[PDB]
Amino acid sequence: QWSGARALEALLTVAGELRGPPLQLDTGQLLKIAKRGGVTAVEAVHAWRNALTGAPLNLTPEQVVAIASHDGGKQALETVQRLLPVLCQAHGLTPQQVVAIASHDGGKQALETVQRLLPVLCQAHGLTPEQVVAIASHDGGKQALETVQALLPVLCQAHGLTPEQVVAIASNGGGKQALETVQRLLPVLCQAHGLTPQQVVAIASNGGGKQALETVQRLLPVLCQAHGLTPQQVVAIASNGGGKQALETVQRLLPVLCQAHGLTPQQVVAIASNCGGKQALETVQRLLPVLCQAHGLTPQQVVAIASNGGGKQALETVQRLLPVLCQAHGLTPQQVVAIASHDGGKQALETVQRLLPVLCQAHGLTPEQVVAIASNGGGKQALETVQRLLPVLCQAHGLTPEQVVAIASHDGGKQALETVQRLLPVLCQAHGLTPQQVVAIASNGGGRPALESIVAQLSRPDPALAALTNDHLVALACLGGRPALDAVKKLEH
């Protein structure tokens, strides 16, 4: 018989019992733990169910799932109940920071290394606890922390990097590898190829940073004699997760795409310059004729769709959904292109296909409004949040649909909508902002932190902002969000 059967049965028995108190996990949460943490993680969650949820630790089930759903999840669960109080009491970290550190493969190793190295990293090396947490919060966080401890001096002194740059390089999966490669390759890239340290740090500061750096060293000459690419274009392609893959694929496909479809090298670089650029490029070579055929999409529209992260997904989804969205949902092909041309275009297109009839019929929105909400990065999230929160925002908080749509229609729309729902009453009732002022602040990218910064200044007034009236703070918050507020704070000192 199949040898996985006993383990599967074990998995399903324990999984069954976890649906009950005190965690009450659903099918999704149970699969996710089983998929990454495996059977031992599911058993560990069960064995630890009472110790984790209530006093002292008081972790939400969602936090428990976050910790359990990684390789070594059983180890991370044991370590969190042991070290969370130690790290909160003795180093001043928050439970949320400890959970963040724990929620990666080898989370045990990261937690124990933070307990061990935070004092020396902050005292002897000048890092903040926030920076130590960022470094720790990735797979291999232990390796990254130990490599920062070892290399921070030689990187700053012998190689001229700031501590901030070292931290930025370290704060990715494989960070140890990127730091070691930057040490070796910084003078080579800078002195042989005229790259600035800032450009090298940018290439290094992604997952797989080591691979992108070595690939830049290898291919920069070939790409900048043969293909007429500039160093700046090469840097841009490499300054992204999977940079190595994008760069190699640009070498392969630049002449194919230019010659066979009349794309410019500019257009090719733009397609390549996202996570998954490799995937996007290969999909363009495949699908452009299919999309542009029989007077379909234009080349220019295909380039726009492809020129975002997940371009491959967006392209394939357009091919699938253009007819059904145009025929059945009444959208123009131009509106499908708009929705598709943002990171996560696939998700937004599918969510529009699913929610356009509902938002229109149940909530009284126009298709144009649904399209505008969808046509930003994270469009799926904004659309679902509008569906969820339109009745409460309108009926309980007195906003018009138009105001809700405005808040929703920027990157981070979901966050802005949730924060408005959260903070509208204290901003208006407790501190005298008008709803229109709250809507204005929230109706920009970064609407959520801009609102939180405002609430913070009204709730725990910093003297440095006291010379500003509420109306002035509102104007600043609309002008430049949290950063403007923070900038003003510093200017005062």
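Residues carry their position along the shown sequence, with the first being 1.
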key: Per the entry, higher mean C-alpha B factor between 414-422 and 166-174   = 414-422
request  = Decide which of the stretches 109-117 and 87-95 has the higher mean C-alpha B-factor, going by the entry.
outcome  = 87-95
message = Per the entry's Cα B factor values, which of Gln279, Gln191, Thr400, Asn308 stands out as the maximum?
response = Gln191
message = Among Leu322, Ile101, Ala202, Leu145, where is the Cα B factor highest in this entry?
response = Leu322
ask   = Relative to the other modelled residues in the chain, which third contains the C-alpha temperature factor of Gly73: lowest, middle or highest?
value = lowest
Within-chain third of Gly262 by Cα B-factor, per the entry = highest
key: Entry-reported Cα temperature factor of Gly37, expressed as the chain third it lands in   = middle
request  = Compare the C-alpha B factor of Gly345 with those of the other modelled residues in its chain, then answer lowest, middle or highest third.
outcome  = lowest
ask   = Going by what the PDB entry lists, where does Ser137 fall on CA B-factor within its chain: lowest, middle or highest third?
value = lowest
